[PDB]
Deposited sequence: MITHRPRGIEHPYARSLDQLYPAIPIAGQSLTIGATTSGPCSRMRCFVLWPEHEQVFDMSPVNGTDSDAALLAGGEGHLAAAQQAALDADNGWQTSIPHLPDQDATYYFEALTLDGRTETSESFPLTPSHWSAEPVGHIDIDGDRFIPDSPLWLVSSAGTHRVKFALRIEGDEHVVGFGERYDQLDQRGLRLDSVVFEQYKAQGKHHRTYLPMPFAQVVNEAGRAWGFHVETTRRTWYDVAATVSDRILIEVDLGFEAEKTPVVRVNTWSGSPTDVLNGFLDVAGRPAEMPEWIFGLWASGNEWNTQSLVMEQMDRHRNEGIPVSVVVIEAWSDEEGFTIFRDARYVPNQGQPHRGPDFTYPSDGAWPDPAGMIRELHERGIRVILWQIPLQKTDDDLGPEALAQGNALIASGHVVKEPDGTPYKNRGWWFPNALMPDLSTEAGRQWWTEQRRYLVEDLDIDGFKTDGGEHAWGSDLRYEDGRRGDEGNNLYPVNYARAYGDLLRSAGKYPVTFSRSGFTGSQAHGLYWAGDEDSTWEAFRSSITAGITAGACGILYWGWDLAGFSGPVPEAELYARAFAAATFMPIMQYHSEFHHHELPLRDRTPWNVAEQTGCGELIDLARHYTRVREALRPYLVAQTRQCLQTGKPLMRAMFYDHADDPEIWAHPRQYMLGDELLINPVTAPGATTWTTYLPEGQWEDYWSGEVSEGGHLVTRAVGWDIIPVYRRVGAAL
């Protein structure tokens, strides 16, 4: 059998061997044509039927490019020569047309198998596009930066596929936004895009993100700002004065109708602009004070005994924790039932607490007892989730019935033919994806988990993933196709679990890595997966500041990285100090098959593996600081909800009339009063901070400094440079 899918697998940054490239053909440019055969073949030809002419291309056998092959397996973080996968079972064939005629056509493929059978594909349409300056559609945009003759519309006989247009930027302006970004604060000079994607590690090196938004603010050096928001959940691209040094070129994917693109715009102070966006996107929710203590997490805490051992160690060491996340809690099949729990089969109906008996010798002999006892100690409990339903052939009967009930409910993301979407990604491959686009779909999925909250009394969810939907033509029950619904997915996912919690009398404490416009209203966020490196530490600071600048208020990260051997002692020290002055303070460790040595990011395990015993005393010190900061974090957060400002706050919000702030993009304000400057280089014994105008007090020594100047500070491991505004007497 011959496979050709014009758009391919629809990984946002990679091509498969069975597609057109570009996926939307452009007249006068090259067109690469790919197809695969299920069996081995001696020949493949592409027949292209033009109105007056017919042409036959002899295709050549090909392998994926080094870049494309890598990306389809989850990228370079999932790849090493040390672990060699088998070769591709598919047999790619390829040809190209160097200068595509502007004529509509049809094409098909013909293969000769090794045993002598002729296989022939279906017929496919070829409708080349061209860029038109005719008023095919309309950009609905106010303000003074839109260049009115700039719109170009990508049109074919089929319709209108994309639009590009430009906004004017001035010589002293800086561009901050586009959601959570890992590379740099000021995006001027860069080309980027806004598509939800799972980049496993090194997000800053690859210029991608889990949490994009089609929004940015533009700030001058006099302190005035404007901003823009392309009001869409389709993919957008930005050339931020890279190609033309005074133009932001914006390209927008369109539907599958007279196209109208709405662009919201604002001007005023930087705060005015962000508030404008928040009025459209949604605003952060009120949260309980316990979110501001230390969060403890470790994927290898997979028994009640292992969790409680770590909670007892925190207590015995005097390093208090406010939250424990448990990831490996479930049967690892349905993510609904604690591992080893016994119960009567349900036909995939929701369970209640009394359905379960917990063996005394099982991994979780009394999960309700764990939660009650942790609650008595002032510790809240968060459980991990994924918006996927496994369909492995080796699942037990309960998980199989749950998947059949999901499909049978109708509440599943669908392929264009109506059958269920099977995950195209590398993680949880071929899993079903629940349709969380309507109230009924969100309720169906979360009702399966309701007993965890109502009967077991858990306090929230780590709503991991959400980036899994690839396919512009997927179908959602809200009426959207994938080209709109796929970026929206993580917003609906976080919302679904927030609503479960609210319905059960609790705060909507969800903890997610992915999102889009609207994510501001739905819980807490962390910066995703990274290595334990200095570069990742720097990237994570950038991620928090940029996420803050788009209204993601309750942000944190895996301090010192979660992946690989434990961080070196010095990195753990500097990162732990920095994390103390960020919105959510949390340590975490990646799954390691319970191999040796232990990879927990606990202060004691890191101290043990590094031979650096003083790390436990350091964690005591900074956790005391964190506890003392709680009233400040609570009050400043309340203020942030009224003002619209970030908590982890770029300098331009309060000091945009000072041009020197842009030379120090990894210092930031924590609320109104504290200026933070993490120490991000190994071997540093001093560290320099730019202070803006006003008087500033050293957090540690009380020493007063005049603002408008650089200052230098000795930085032993017990110091992170922090300056407090000097108030009126």
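Checklist entry - Going from the first residue of the deposited sequence to the last, where are the unmodelled runs? => result Absent from the structure are positions 257-259, 733.
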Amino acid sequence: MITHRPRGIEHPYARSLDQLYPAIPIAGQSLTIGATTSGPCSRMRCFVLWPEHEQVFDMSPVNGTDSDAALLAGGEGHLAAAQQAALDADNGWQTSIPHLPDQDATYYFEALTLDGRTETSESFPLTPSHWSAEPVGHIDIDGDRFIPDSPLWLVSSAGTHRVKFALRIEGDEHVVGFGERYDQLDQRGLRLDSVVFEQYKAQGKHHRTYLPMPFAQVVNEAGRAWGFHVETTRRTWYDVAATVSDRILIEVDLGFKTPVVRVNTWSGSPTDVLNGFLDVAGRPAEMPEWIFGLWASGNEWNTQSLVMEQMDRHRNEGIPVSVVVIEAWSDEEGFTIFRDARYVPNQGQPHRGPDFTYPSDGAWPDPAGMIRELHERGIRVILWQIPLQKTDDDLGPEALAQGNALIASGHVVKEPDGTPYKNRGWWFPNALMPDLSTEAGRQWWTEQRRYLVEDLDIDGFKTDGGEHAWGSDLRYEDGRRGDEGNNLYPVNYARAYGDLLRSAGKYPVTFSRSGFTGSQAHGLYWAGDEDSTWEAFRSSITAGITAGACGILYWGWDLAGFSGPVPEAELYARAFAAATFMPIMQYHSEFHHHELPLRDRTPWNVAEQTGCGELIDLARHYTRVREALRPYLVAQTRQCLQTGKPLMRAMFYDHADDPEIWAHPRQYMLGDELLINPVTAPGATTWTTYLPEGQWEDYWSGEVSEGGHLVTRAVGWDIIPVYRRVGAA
From here on, numbers count along this sequence of modelled residues.
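Checklist entry - Which is higher in the entry, the mean Cα B factor of 606-614 or that of 571-579? => result The stretch with the larger mean CA B-factor is 606-614.
Next on the checklist: Please compare 354-362 with 79-87 and say which has the higher mean C-alpha temperature factor in the record.
Outcome noted: It is 79-87 that shows the higher mean C-alpha B-factor.
Item to check | Out of 665, 678, 39, 671, highest CA B-factor residue | outcome: That would be 39.
Checklist entry - Checking the entry, which one of 485, 214, 387, 259 has the top C-alpha B factor? => result Largest recorded C-alpha B-factor: 259.
Checklist entry - So where's residue 93 on the chain's Cα temperature factor ranking, which third? => result As the PDB entry reports it, the C-alpha B-factor of residue 93 lands in the highest third of its chain.
Next on the checklist: Considering every modelled residue of the chain and its Cα B-factor in the PDB entry, is residue 334 in the lowest, middle or highest third?
Outcome noted: It belongs to the middle third of the chain when residues are ordered by C-alpha B-factor.
Item to check | Third of the chain's Cα B-factor distribution that residue 302 belongs to, per the entry | outcome: For residue 302, the deposited C-alpha B-factor lands in the lowest third.
Checklist entry - Taking the entry's C-alpha B-factors for this chain, is residue 12 in the lowest, middle or highest third? => result CA B-factor rank for residue 12: lowest third.
Item to check | Where the record places residue 239 (Cα B-factor, split into thirds across the chain) | outcome: CA B-factor rank for residue 239: lowest third.
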